[PDB]
């Protein structure tokens, strides 16, 4: 009966049936093989633990994310993510639900084909559709115009949409955030003697990326007050007992979003990719792209944005033009709240790929 | 029919069929040749007396323990231990029982090979398995995680196990206790004029190590109250008639377990080997190694432990972490209660070495 | 007058004035307190012996290396290393020489500050500079491009440099070798019954790490010929009289450099850190990083490298690309031969920290 909205997270895969409030299942997408000798012999141990149990059994496994730089690294682990989610989380049969899957707008072909093809032949869903994650965040936002920011660990994208069409030549992909923000945080916590070399401990770094980080209002003046003796230093507690005190680096790591030079990436910041995508759109349409800048995803939830993002864009943009930055409550579930609206509406249900069409055309003509 | 659990004591060899309550036979493992001229001529005297009769015929023999510093000194005496136990104690035929043998985790190779090989070719058992003594104490404990302490006269070991695998690089071997505690007790009883120079009399020292010793709560303050006129002095009775009054040295000898400098050993105490083995294990796993410290063996049965061990570890360990020291009732039979659980369970019975495999591979591939 | 190049060894501190051939003084960096009771009463004994005399007075002391995991453990012993070297080895006055000190590229802050600050305030040098050990090995190598390997007991590093700039986001630190290779050698010599438990005896293990070890060409086939009766076994002689015969473990211990799983470290081998640091550098620059792989330090002097290192990298690297592994004669003095070239050249002498600047800025602005 009911359609299923399953979002192919970069993080953080999100799953829930059509409507209403939020995804029913969210989990960190990890598969982990056992890296220690089995001498206990109980045995009772699984061949590979998936999440969430692989986030409660850290250090006895070696966590490997299955999606890396926005591409699925191997479909052997990906299929196990899917199977684990459908059977032992959601508890639904594939033959009972038409599904809805997500992708990234600037991702290589035939990665959507191979995906679509494997999911139809392995799980035998009765119908399917694959949406780019940015378009769904417009439905979630409830605006009919604007530039969409889907930023997750680790693929960001910048898609401009105007009432009610998209401009093909204006889409910008930054590989700037967020797994590289995790790795950069791990490199600048070494500056205060906190060395987290192992795979498992890298998750702890990610947890400090959630809770303790913030973004500055003005870099130079936050760097100034960091030099002062005042308490920028916040004390985190670690599962083994250690108390970790981080200062400067706490606001330094997210600031990378405005200066990619810090992480050593040549590309221009969110600051400039916003401006340069708007100034690749037609003159008349720019008037309503200003004041319809819509952020989304989990990596836009740091405290110091959006009024940093606002002040930076407003400084580079032409004088005497109104700029408002639209940032929804609960951006982490934005894409999913999109998907729910889509699959419930008539009539584009009948633009979904159905099994009869798949039998005829296979991976051809997916576009 | 029934499998036999036979524990290769360092002491104190322990033997009993599979299940249930306790080993059927325990004995001090001594062989003794006759050190006096035979002029009685009855004769009727055995070429060498084994225990228990060699502990009732002391002084007419020279007792020689067959396992010394955790290694079997010669298999000529060891084979006589085995033969004596199977035939004139247990009263079982070797061809009727699959056996279960024990070893130490950090013991030289090919001492397990040579053992396995001699026992298969001499006693012709139909199947065999050799377990390290620490792993069996986990089965006895009924916990799935924790650091294991097998301390017997005279090899201790410290093995960390986490659900349900072992960490290879964290095993610590101290040669600190217990035959050196016997020898140290013999050296500090000389301080009160009790000189026990002969081999036989050394057993009497060992008996005073059992009954009269205790461990302090705080060394410095027990040393203080020893200087006081109050009765720390306890009167032991000796088989010849002598009444021996020991004071300070009564709590001094076990304290060596926390300060190896007293016996002149360079290595760090149980205090520090516990901490340093935990801080060689992964950060996430340390959280559940704290509060799963499991003691075992006969030399952990002194009265003043475990709350000395507790207070000392709790002082060196990081602040705000829960530490409980798990010390079973009847630790002297712990290993054996382990072995019983192992050989009764399916399926690792079919990971035992069988005669057909021994015919094919011999001492090769025992690992 | 003349500047002094003093290399802050992890081993093995190296010292010599500016130019020409080799360091004038090399020594094992040990401080040792006396672990036995002083009953001889001559007396004439020093409070603590430093090396070299602490390597001729082993067993009466407890040797403690002052640098542990690449960090200075306490500056009380470090200052005594420095004082001993300058006064009773080199025989130079601190006020007479501008000095040159070394560090590690991925080492916590403020460990270079605290060092610089203590050495300026304690020894009152008229000028100072602190170089990372890898950059100096490029000057020694005489190449203008390439990835630098500084591997000493016990911090390795992997720094890529291209004509004539460095790439910040490509530096990799492995804590894989070499004190852990010493400890691993001590753990696998126990497999042949050679138990070297004490601190002093650990030096003897280190000496067998120098002389008798080798690296395999192909692991699986060297493991095969080890199973054969052919003489891989080499006989070492020990200062007490013992003749030690080691076989398999002789080539097993260095092989850890290609498989960190053996020592239980989660990180990827030199094999993969070489490849993964090159494939984090820009596409155009990789062409000349291939064939400019430059090794350095004392722990790269084992016999079986570099043609193992070559064959392993050449197998993982893309097809049809020339790979040469540059390994200098006398790699143990490489860093120092670097330092000599640096301090002799104009003009970056005037980028050294001078006393006037230290008076003004102190430990601030060392970077």
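We call the chains A, B and C, going by the order they appear; numbering starts again at 1 in every chain.
In the analysis below, a residue touches a chain if its C-beta (ideal position, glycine included) is under 8 Å from a C-beta of that chain, and two chains touch if they have at least 3 such contacts.
Heads up on the chains, UniProt names are A, B, C = Actin, alpha skeletal muscle.
Enquirer: Give me the ID of the chain with the smallest distance between its Cα centroid and the all-protein Cα centroid.
Expert: Smallest offset from the overall C-alpha mean is found for C.
Enquirer: By CA centroid distance, what chain is farthest from chain B (Actin, alpha skeletal muscle)?
Expert: Farthest chain from chain B (Actin, alpha skeletal muscle), going by C-alpha centroids: A.
Enquirer: Report the chain pair from B-C or A-B that duplicates the A-C interface, where duplication means over half of the contact pairs agree by residue number.
Expert: Among B-C or A-B, the interface that shares over half of its contact pairs with A-C is B-C.
Enquirer: Overlay chain B (Actin, alpha skeletal muscle) and chain C (Actin, alpha skeletal muscle) by their C-alpha atoms and let me know the rotation angle in degrees, rounded to the nearest 5.
Expert: Rotating chain B (Actin, alpha skeletal muscle) by 165 degrees superposes it on chain C (Actin, alpha skeletal muscle).
Enquirer: Roughly how far is chain B (Actin, alpha skeletal muscle) from chain C (Actin, alpha skeletal muscle), going centre to centre by Cα mean, in whole Å?
Expert: The computed centroid separation for chain B (Actin, alpha skeletal muscle) versus chain C (Actin, alpha skeletal muscle) comes out at 42 Å.
Enquirer: With centres defined as the mean C-alpha position, give me the chain A (Actin, alpha skeletal muscle)-chain B (Actin, alpha skeletal muscle) separation in Å.
Expert: Taking the mean C-alpha position of each chain, the two centres sit 57 Å apart.
Enquirer: Multi-chain contacts only, two chains or more: what residues does chain A (Actin, alpha skeletal muscle) have there?
Expert: 198, 200
Enquirer: Tell me, which parts of chain B (Actin, alpha skeletal muscle) touch chain C (Actin, alpha skeletal muscle) in their complex?
Expert: It comes out as residues 106, 108-109, 111, 167-169, 173, 175, 266-267.
Enquirer: Which residues of chain A (Actin, alpha skeletal muscle) touch chain B (Actin, alpha skeletal muscle) in the complex?
Expert: 34, 36-45, 57-60, 198, 200-201, 204, 238-242
Enquirer: Which of the residues in chain C (Actin, alpha skeletal muscle) come into contact with chain B (Actin, alpha skeletal muscle) in the complex?
Expert: Interface residues on the chain C (Actin, alpha skeletal muscle) side: 35, 62, 190-195, 197-200, 263-264.
Enquirer: Within the complex, which stretch of chain B (Actin, alpha skeletal muscle) touches chain A (Actin, alpha skeletal muscle)?
Expert: Going through chain B (Actin, alpha skeletal muscle), the ones touching chain A (Actin, alpha skeletal muscle) are 135, 138, 144, 161-168, 282-287, 317-321, 348.
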